[PDB]
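For reference, the structure discussed in these notes is given below.
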Amino acid sequence: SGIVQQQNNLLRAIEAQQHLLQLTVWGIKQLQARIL
Amino acid sequence: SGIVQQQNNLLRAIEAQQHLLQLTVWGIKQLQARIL
Amino acid sequence: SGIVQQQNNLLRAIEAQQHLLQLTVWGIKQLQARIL
Amino acid sequence: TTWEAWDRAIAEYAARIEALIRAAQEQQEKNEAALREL
Amino acid sequence: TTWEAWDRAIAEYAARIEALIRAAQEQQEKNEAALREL
Amino acid sequence: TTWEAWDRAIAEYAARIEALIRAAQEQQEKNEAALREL
């Protein structure tokens with residue numbers, strides 16, 4: 001159960017990290033737009 | 001086995017996120033060269 | 001030990017990925033300050 | 001590589017990652033059930 | 001959004017992730033103890 | 001806090017992550033092997 005529970009935490013970390021990745025992509029595109 | 005499957009699922013997702021991360025590093029470097 | 005090492009390999013990879021994310025955010029912020 | 005290629009690479013890894021997450025959410029659901037059963 | 005909303009969102013997701021890492025770290029220790037006499 | 005210091009930290013953690021991924025890969029192989037010998 002402690003392994004399954006932890007795998008859930010690792011999964012929920014990956015899910016949250018994808019949002020951070022999405023956000024960084026927006027920032028890059030925004031700065032690109034400013035340069036324009 | 002489902003636990004070992006899940007380690008594979010998580011590894012795969014981490015792999016893909018890293019490729020994504022390296023794409024965002026490329027983007028930042030393109031912009032950096034410009035500001036300088 | 002093998003699967004619990006792998007839990008640890010995965011957690012560590014996620015931690016390293018988090019530090020990479022923080023760094024990318026830093027890059028964006030540096031650009032933002034110079035561009036904005 | 002180009003911005004156009006970059007856009008496509010990102011959309012392609014993002015969709016891949018969402019599928020890997022859906023599949024890990026699935027396997028986790030099943031793992032919690034089969035652990036409860038044992 | 002605004003760049004400020006962006007900063008806040010990043011901070012929030014970052015806070016969620018580090019807590020998940022601390023949780024997983026505490027789990028890791030317990031798990032590694034258990035898997036001696038098992 | 002410089003760009004070069006950024007390049008260095010990026011390159012450092014890229015190498016780390018890569019080595020962790022390789023360790024996870026070769027250890028996924030081993031767990032799978034052992035699990036199908038069980």
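So you can find residues: chains in the structure tokens are A, B, ... in the order shown, residues in each start at 1, and ligands are numbered from 1 in order.
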
Output, as a PDB file with C-alpha atoms, in the first residue's frame, the coordinates of chain D following least-squares superposition onto chain E across all in-order C-alpha pairs.
ATOM      1  CA  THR D   1      -3.436  35.253 -18.794  1.00  0.00           C
ATOM      2  CA  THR D   2      -1.019  37.874 -17.488  1.00  0.00           C
ATOM      3  CA  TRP D   3       2.530  38.023 -16.074  1.00  0.00           C
ATOM      4  CA  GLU D   4       1.023  38.626 -12.648  1.00  0.00           C
ATOM      5  CA  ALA D   5      -1.154  35.488 -12.962  1.00  0.00           C
ATOM      6  CA  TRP D   6       1.839  33.610 -14.399  1.00  0.00           C
ATOM      7  CA  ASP D   7       3.990  34.446 -11.354  1.00  0.00           C
ATOM      8  CA  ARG D   8       1.272  33.199  -9.034  1.00  0.00           C
ATOM      9  CA  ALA D   9       0.637  30.003 -11.056  1.00  0.00           C
ATOM     10  CA  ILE D  10       4.357  29.169 -10.949  1.00  0.00           C
ATOM     11  CA  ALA D  11       4.712  29.816  -7.176  1.00  0.00           C
ATOM     12  CA  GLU D  12       1.642  27.692  -6.625  1.00  0.00           C
ATOM     13  CA  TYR D  13       2.775  24.684  -8.697  1.00  0.00           C
ATOM     14  CA  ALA D  14       6.312  24.933  -7.277  1.00  0.00           C
ATOM     15  CA  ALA D  15       5.056  24.786  -3.647  1.00  0.00           C
ATOM     16  CA  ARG D  16       2.680  21.940  -4.610  1.00  0.00           C
ATOM     17  CA  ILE D  17       5.556  20.016  -6.168  1.00  0.00           C
ATOM     18  CA  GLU D  18       7.794  20.467  -3.118  1.00  0.00           C
ATOM     19  CA  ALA D  19       4.988  19.043  -0.947  1.00  0.00           C
ATOM     20  CA  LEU D  20       4.518  16.070  -3.290  1.00  0.00           C
ATOM     21  CA  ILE D  21       8.307  15.449  -3.151  1.00  0.00           C
ATOM     22  CA  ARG D  22       8.401  15.701   0.682  1.00  0.00           C
ATOM     23  CA  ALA D  23       5.549  13.156   0.782  1.00  0.00           C
ATOM     24  CA  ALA D  24       7.314  10.852  -1.699  1.00  0.00           C
ATOM     25  CA  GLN D  25      10.568  11.139   0.335  1.00  0.00           C
ATOM     26  CA  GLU D  26       8.493  10.073   3.384  1.00  0.00           C
ATOM     27  CA  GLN D  27       6.773   7.126   1.656  1.00  0.00           C
ATOM     28  CA  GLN D  28      10.178   6.025   0.248  1.00  0.00           C
ATOM     29  CA  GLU D  29      11.802   6.008   3.703  1.00  0.00           C
ATOM     30  CA  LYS D  30       8.924   3.818   4.932  1.00  0.00           C
ATOM     31  CA  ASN D  31       9.070   1.611   1.811  1.00  0.00           C
ATOM     32  CA  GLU D  32      12.792   0.874   2.321  1.00  0.00           C
ATOM     33  CA  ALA D  33      12.115  -0.013   5.969  1.00  0.00           C
ATOM     34  CA  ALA D  34       9.098  -2.289   5.334  1.00  0.00           C
ATOM     35  CA  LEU D  35      10.879  -4.015   2.419  1.00  0.00           C
ATOM     36  CA  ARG D  36      13.858  -4.650   4.707  1.00  0.00           C
ATOM     37  CA  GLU D  37      11.415  -6.100   7.288  1.00  0.00           C
ATOM     38  CA  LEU D  38       9.659  -8.513   4.866  1.00  0.00           C
TER      39      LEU D  38
END

List as a Markdown table every residue of chain A that is in contact with chain D, defined as an atom at most 9 Å from one of its atoms (using only C-alpha atoms), together with the nearest atom pair and the distance in Å rounded to one decimal, sorted by chain and then rising number.
| residue | atom | partner | partner_atom | distance |
| --- | --- | --- | --- | --- |
| A:1 | CA | D:35 | CA | 6.9 |
| A:4 | CA | D:32 | CA | 6.8 |
| A:5 | CA | D:32 | CA | 8.4 |
| A:7 | CA | D:28 | CA | 7.9 |
| A:8 | CA | D:28 | CA | 7.1 |
| A:11 | CA | D:24 | CA | 7.4 |
| A:14 | CA | D:21 | CA | 8.2 |
| A:15 | CA | D:21 | CA | 7.3 |
| A:18 | CA | D:14 | CA | 8.1 |
| A:22 | CA | D:14 | CA | 8.4 |
| A:25 | CA | D:10 | CA | 8.6 |

Could you save the residues just selected, with C-alpha atoms, as a JSON list (two decimals), in the first residue's frame?
[["chain", "number", "residue", "atom", "x", "y", "z"],
["A", 1, "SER", "CA", 0.00, 0.00, 0.00],
["A", 4, "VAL", "CA", 0.99, 2.18, -4.46],
["A", 5, "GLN", "CA", 0.35, 5.32, -2.38],
["A", 7, "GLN", "CA", 3.34, 5.89, -6.98],
["A", 8, "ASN", "CA", 0.26, 8.08, -6.73],
["A", 11, "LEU", "CA", 2.09, 10.52, -10.68],
["A", 14, "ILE", "CA", 4.32, 14.47, -12.93],
["A", 15, "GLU", "CA", 0.81, 15.88, -13.56],
["A", 18, "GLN", "CA", 3.33, 19.17, -16.91],
["A", 22, "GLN", "CA", 2.88, 24.29, -20.25],
["A", 25, "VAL", "CA", 5.96, 27.37, -23.03]]

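The spacing separating atom CA of residue 36 of chain B from atom CA of residue 36 of chain A amounts to 15.8 Å.
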
Do you have, as CSV, the list of residues of chain A lying at most 8 Å from chain C, each with its nearest atom pair and that distance in Å to one decimal, counting only C-alpha atoms and ordered by chain then number?
residue,atom,partner,partner_atom,distance
A:3,CA,C:7,CA,7.9
A:7,CA,C:7,CA,7.6
A:10,CA,C:11,CA,6.6
A:13,CA,C:14,CA,7.6
A:14,CA,C:14,CA,7.4
A:17,CA,C:18,CA,7.4
A:20,CA,C:21,CA,7.4
A:21,CA,C:21,CA,7.4
A:24,CA,C:25,CA,6.6
A:27,CA,C:28,CA,6.7
A:28,CA,C:28,CA,6.8
A:31,CA,C:32,CA,6.8
A:34,CA,C:35,CA,7.2
A:35,CA,C:35,CA,7.2

Residues from last step as file, C-alpha atoms, as a tab-separated table (two decimals), in the first residue's frame:
chain	number	residue	atom	x	y	z
A	3	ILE	CA	4.34	1.71	-2.69
A	7	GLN	CA	3.34	5.89	-6.98
A	10	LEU	CA	4.96	10.44	-8.17
A	13	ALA	CA	4.01	15.29	-9.22
A	14	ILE	CA	4.32	14.47	-12.93
A	17	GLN	CA	5.09	19.36	-13.57
A	20	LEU	CA	4.64	24.05	-15.13
A	21	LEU	CA	6.03	22.94	-18.51
A	24	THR	CA	7.01	27.92	-19.38
A	27	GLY	CA	6.27	32.52	-21.26
A	28	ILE	CA	8.65	31.72	-24.14
A	31	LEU	CA	8.60	37.01	-24.91
A	34	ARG	CA	7.31	41.21	-27.09
A	35	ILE	CA	10.39	41.01	-29.30
